[PDB]
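Here's the structure we're looking at; comments come further down.
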Amino acid sequence: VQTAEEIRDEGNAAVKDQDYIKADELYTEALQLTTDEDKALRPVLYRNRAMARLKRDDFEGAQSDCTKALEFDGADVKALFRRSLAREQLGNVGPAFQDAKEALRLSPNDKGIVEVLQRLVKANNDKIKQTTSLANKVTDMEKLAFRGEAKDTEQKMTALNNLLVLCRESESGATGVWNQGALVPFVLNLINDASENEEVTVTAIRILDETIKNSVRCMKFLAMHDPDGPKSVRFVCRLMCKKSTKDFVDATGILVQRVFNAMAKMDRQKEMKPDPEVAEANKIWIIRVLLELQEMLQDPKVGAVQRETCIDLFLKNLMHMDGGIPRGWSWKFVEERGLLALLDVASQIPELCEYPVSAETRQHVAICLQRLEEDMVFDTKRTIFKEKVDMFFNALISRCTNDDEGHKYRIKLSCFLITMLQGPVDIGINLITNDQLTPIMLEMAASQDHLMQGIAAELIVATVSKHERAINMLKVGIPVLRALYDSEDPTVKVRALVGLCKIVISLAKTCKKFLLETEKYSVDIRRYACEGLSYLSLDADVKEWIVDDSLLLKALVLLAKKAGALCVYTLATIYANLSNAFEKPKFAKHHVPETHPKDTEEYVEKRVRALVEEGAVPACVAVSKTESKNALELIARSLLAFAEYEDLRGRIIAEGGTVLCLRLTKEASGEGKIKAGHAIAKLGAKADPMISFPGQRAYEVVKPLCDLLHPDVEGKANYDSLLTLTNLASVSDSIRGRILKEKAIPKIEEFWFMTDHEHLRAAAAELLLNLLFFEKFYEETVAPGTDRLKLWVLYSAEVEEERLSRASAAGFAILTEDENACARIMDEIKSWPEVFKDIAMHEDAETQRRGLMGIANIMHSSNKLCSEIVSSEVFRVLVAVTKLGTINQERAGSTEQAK
Amino acid sequence: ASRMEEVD
């Protein structure tokens, strides 16, 4: 077992290790174990968890825990302190102060409480006179946005936009725009108007959006649409139906996302697992949302988009082992009607469906079903899960008669399998190794029902698998394909080419004739045209062949620029393979297979260069909208390996590179995130930070290439991450601001304490110059007492190379502008004269100019230093004759400091 | 005497 006690310390240590994420979890986990028989052991936990939360900016959480602590002992000074600091952040300075106050008189002396009250004072002081100022900024915009007191589109759009801007701007900016819930109606009014533009509604929605990240605001939003709770939940979930446009549905699904988040204290985009305590509490609401969202899984009135969204909704919030709801939910989902209904959607294609579905609707059911099974974990459960799918596989099969009516039940039982095979494949496989499915297979394969014919090839093609055990229904199946191929119905030839493709160049000759025939053949046809071509690209010869023909790339682009997520796993794999983006664990021979000059040396560039000249990227963006995993991982490797040719990044940057990889980081899975970053770090460096990371784009572009240095034990693109991070911290302070807070420098510093890495140090150099190029970290490298200064002076000197000078030297002058500075040097820098002399007339131009200007202002402020003319005075003179150089300025500068 | 920002 794991005692309630010890688990707690395990957390307090987590705090001390500075990984507050674990602490939070550990403390809640700790809390779990104890209940209302350990009384006291709880309050202490809440009082603790709150520090953690407080550190991961979970103010609403911090607050909850504190008051949760005081519930026990109103004196808990640690509670009252943090609860104030929480409220303080929540823009709720009011009772914020009266908490940081009453806190003080419980521990009169505490540099801490004090530093807060001082702040909370200039707070209540500017309080009122400051709120009413926003109240007017609000109203004036509210006036032009919703209350139609505006003329012309644009004008109304910017009001809404500013409203959105001010909305996220701060914690108050939100509360302000929320305007006590007066924002909701105004937004519902736009949703409800048939004639208002999508961009308007979308925006208006995103405003209402942010305002409900607040657990309390959100929960009041969910229950405020009807006096009857259940009905009120319906309304919200159903909003996504009001309109059919893509962006609208999406922007609305998030509102439902928020509801989940708020319902169980969780946010997947923050690695905030749910807090069981909250979730348990307001379960009555979880239930209803689940139920309402479940019911519309099959509601025929509920469209296709909403349909797919409602699926992703479960794939992000039900799967307790994937940042979703807490454990116990997904089980009650399968143990009732959740899985069955989710299953009924599996066996549903456009052509034959009982409720609107689209080509894409499949993926959304696959992954979700995959992960649903993954979220089963126990044994007793993996049982009730397969045990249910089984029951469903029977009921279905045992109704596959041989009549126009019963044919349908074979199309069902069929797709129910293609699906279950791209998803929880294992449960799928174990379903077809029941040769009671091979007859039906054959039957339809042979029928004259063009549909049944095609979706049979697709059923074995989707069985190609890898190993054996099921090579049974392939024994006969594969040949079946060979026949079905001859067919004159495109839809049956193409669907057949695959599989017979995923198992020589004649296949490749065909997949081309489909794809190039852009106008003629259709979309869903060329989808498989791609899928086939996909598997072929793994061979070198094919790799070089493809990139050789323009049209095929020109059309393979038009295919994504129209199909999207339908051609991802596939289109990625074509570009992934075509650019060699996968990896390998790096008598005798085999230095020959490594050949295929088209998979080796400079051939990669012949392809990469070519792919890029034909969209390539715009395509990646087009099909990158998938709650996939590996699919992203491919666009990642594909974009990483795209930007590594210089004059190339100068375009991919303009084709939405940055924006995408950025997404890839948050979104992509595992090594995917990693690859994304490197790609960015490598995209930016020998390129202007302005013409790449504009409009606050630059902020998010940090957490990544700061988490990638951590693994600094050697390797990676640390050098690429630096040349950008440097070129990044150059312009703007908000930049350097984040770079710092990131707890990043305690690491970047180590790219300074190195020997033979002449390059990985010239980086940290040019970086740390622009990193202290303004406060916060300027006074942090001068007073404290960290040997820092030593090198900034030692480096302008230790010149045998270069850059490490000009850098740590340009940072010698601009740094000397401080007096307290010359104080830590001249008295701790034993042997400074030699060093000074070195840099004195050092032969590295700019270094004897930045070096001298650095020393020329050390004696220009503080006489006890100017008096130190030991050999120094020499240079100053010498440098004043014919050197032609300008080092005479920083030289004749050391002069004036003698009067 | 334990300045804040340290848990017990």
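Using ideal geometry, Cβ is built from the backbone for each residue, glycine included, and neighbour counts are taken over all protein chains shown. Each answer follows from the model by the rule given with it, or from the source it names; nothing here is a laboratory result.
Rundown of residues vs (1) assigned to a loop (DSSP other than H, G, I, E, B); (2) crowded, with 22+ Cβ neighbours inside 10 Å; (3) within 32 Å of the chain's Cα centre (by Cα), yes/no style:
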residue: A:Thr380; (1), (2), (3): no, no, no
residue: A:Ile384; (1), (2), (3): no, no, no
residue: A:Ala395; (1), (2), (3): no, no, no
residue: A:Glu405; (1), (2), (3): no, no, no
residue: A:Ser414; (1), (2), (3): no, yes, no
residue: A:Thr419; (1), (2), (3): no, yes, yes
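Checked against the criterion of being within 18 Å of A:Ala359 (Cα to Cα), in a loop (DSSP other than H, G, I, E, B) and out of contact with any strand residue (DSSP E or B) (no Cβ under 6 Å at 6 or more places or on another chain), the candidates A:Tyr528, A:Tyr521 yield just one match: A:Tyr521. Restricting A:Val365, A:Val377 to those that are aliphatic (A, V, I, L, M), in the same structural domain as A:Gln294 (by CATH) and on the phi > 0 side of the Ramachandran plot reduces the list to A:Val377.
Residues are listed down the side, and each one gets a yes or a no for (1) part of a helix (DSSP H, G or I); (2) over 49 Å from the mean Cα position of the chain (by Cα); (3) at positive phi; (4) among the aromatic types (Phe, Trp, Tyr):
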| position | (1), (2), (3), (4) |
| --- | --- |
| A:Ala823 | yes, no, no, no |
| A:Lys830 | no, yes, no, no |
| A:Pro833 | yes, yes, no, no |
| A:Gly851 | yes, no, no, no |
| A:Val877 | yes, yes, no, no |
| A:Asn888 | yes, yes, no, no |
| A:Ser894 | yes, yes, no, no |
| A:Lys899 | no, yes, no, no |
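Do we have any residue at all in the stretch A:477-490 that's assigned to a helix (DSSP H, G or I) and of a type in the set (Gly, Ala, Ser)? The answer is yes, given that some residue of the stretch A:477-490 is assigned to a helix (DSSP H, G or I) and of a type in the set (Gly, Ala, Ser).
Look through A:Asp712, A:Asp688 and report the one residue that is over 16 Å from A:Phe777 (Cβ atoms), in contact with an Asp or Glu (Cβ under 7 Å, 6 or more places away or on another chain) and assigned to a loop (DSSP other than H, G, I, E, B).
Exactly one residue qualifies, and that residue is A:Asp712.
For the stretch A:20-46, filtered to residues that are away from chain B (no Cβ under 14 Å) and outside any helix (DSSP H, G or I), the residue that is surrounded by the most Cβ atoms within 10 Å (Cβ to Cβ) is A:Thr34. Considering A:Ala588, A:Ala540, A:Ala529, the condition of being within 34 Å of the chain's Cα centre (by Cα), over 20 Å from A:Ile455 (Cα atoms) and aliphatic (A, V, I, L, M) is satisfied by A:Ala540 alone. Counting only residues that are polar (S, T, N, Q), in a helix (DSSP H, G or I) and away from chain B (no Cβ under 14 Å), the stretch A:73-112 holds 2 of them.
Taking the stretch A:59-71 as the search range and keeping residues that are within 14 Å of chain B (Cβ to nearest Cβ) and of a type outside the set (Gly, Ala, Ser), which one is nearest to A:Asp275 (Cα to Cα)? By that ranking, first place goes to A:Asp65.
Candidates are the residues of the stretch A:624-665 that are β-branched (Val, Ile, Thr) and outside any loop (DSSP other than H, G, I, E, B); the one that is surrounded by the most Cβ atoms within 10 Å (Cβ to Cβ) is A:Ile635.
Taking the stretch A:47-58 as the range and being under 21 Å from A:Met266 (Cβ atoms) and within 11 Å of chain B (Cβ to nearest Cβ) as the test, the residues that pass are A:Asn48, A:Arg49, A:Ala50, A:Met51, A:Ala52, A:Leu54, A:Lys55.
Hey, does the stretch A:609-623 have a residue that's acidic (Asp, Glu), surrounded by 14 or more Cβ atoms within 10 Å (Cβ to Cβ) and assigned to a loop (DSSP other than H, G, I, E, B)? The answer is yes; a qualifying residue exists.
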